[PDB]
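Trainee: Below is a structure I'd like to ask you about.
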Amino acid sequence: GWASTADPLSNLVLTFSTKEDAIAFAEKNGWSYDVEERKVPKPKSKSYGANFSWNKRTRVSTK
Amino acid sequence: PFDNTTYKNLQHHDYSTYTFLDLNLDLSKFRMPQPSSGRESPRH
Numbered sequence: 071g072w073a074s075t076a077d078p079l080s081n082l083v084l085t086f087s088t089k090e091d092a093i094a095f096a097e098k099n100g101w102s103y104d105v106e107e108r109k110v111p112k113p114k115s116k117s118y119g120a121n122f123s124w125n126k127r128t129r130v131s132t133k
Numbered sequence: 032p033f034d035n036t037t038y039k040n041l042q043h044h045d046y047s048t049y050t051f052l053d054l055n056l057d058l059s060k061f062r063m064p065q066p067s068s069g070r071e072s073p074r075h
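Okay, here's the thing in structure tokens:
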């Protein structure tokens, strides 16, 4: 009942420092490739004093 | 007459359970209107 496969490229994971190096490596080896852009978290506005606002909805009910 | 041989804080021997609350309720007439934040509650 083990998991059998016939794909030699099943565990092939390659690491590249930048996107263009990976693109050039894929294009050099004749592999049709797709590229997904890097998703970064946008900066937030953090305030500890917003938990105790006088008239805003951002008051905390407890702590 | 200057007397310092007696304890003048004897009124608290006759206080009941609700004395603070009725004192607040009677004081409620003298107090001024409270400021408003513009909404009923922060969850509103």
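Chain order of the listed sequences is c and a.
The first sequence begins at 71 in the entry's author numbering and counts up one residue at a time.
The second sequence begins at 32 in the entry's author numbering and counts up one residue at a time.
For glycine and all other residues, C-beta sits at the position ideal for the given N, C-alpha and C.
#1: Over the uninterrupted alpha helix (DSSP H) stretch that includes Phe61/a, give me the two end residues.
#2: For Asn125/c, which residues in chain a fall below 8 angstroms Cβ to Cβ?
#3: Taking CB distances under 9 angstroms as the criterion, tell me whether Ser115/c reaches chain a.
#4: Who are the near neighbours of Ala92/c in its chain, counting only those whose CB is closer than 7 angstroms to its CB and skipping five residues on each side?
#5: Would you say the stretch 40–48 of chain a touches the stretch 93–109 of chain c, given that touching needs at least three Cβ pairs under 8 angstroms?
#6: Answer yes or no: do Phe95/c and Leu79/c have a C-beta to C-beta separation smaller than 9 angstroms?
Mentor: So, from the data block:
#1: Stepping through the second sequence from its first residue, residue 61/a is reached at position 30. Bounds of any alpha helix (DSSP H) do not take in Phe61/a, whose DSSP letter is neither H nor E.
#2: Position 55 of the first sequence, counted from the start, is the residue given in the question as residue 125/c. Ordered by position in chain a, the residues that pass the 8 angstroms Cβ test against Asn125/c are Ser68, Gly69, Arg70.
#3: Within the first sequence, residue 115/c is the residue found at index 45, counting from 1. Interface annotation, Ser115/c: not in contact with chain a, CB-CB separation never under 9 angstroms.
#4: Numbered from its first residue, the first sequence carries residue 92/c at position 22. Excluding five sequence positions before and after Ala92/c, the CB atoms of its chain that fall closer than 7 angstroms to its own CB belong to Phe86, given in chain order.
#5: With the cut-off at 8 angstroms, the stretch 40–48 of chain a and the stretch 93–109 of chain c do not touch.
#6: Along the first sequence, one-based indexing puts residue 95/c at 25. Along the first sequence, one-based indexing puts residue 79/c at 9. No. Outside cutoff.
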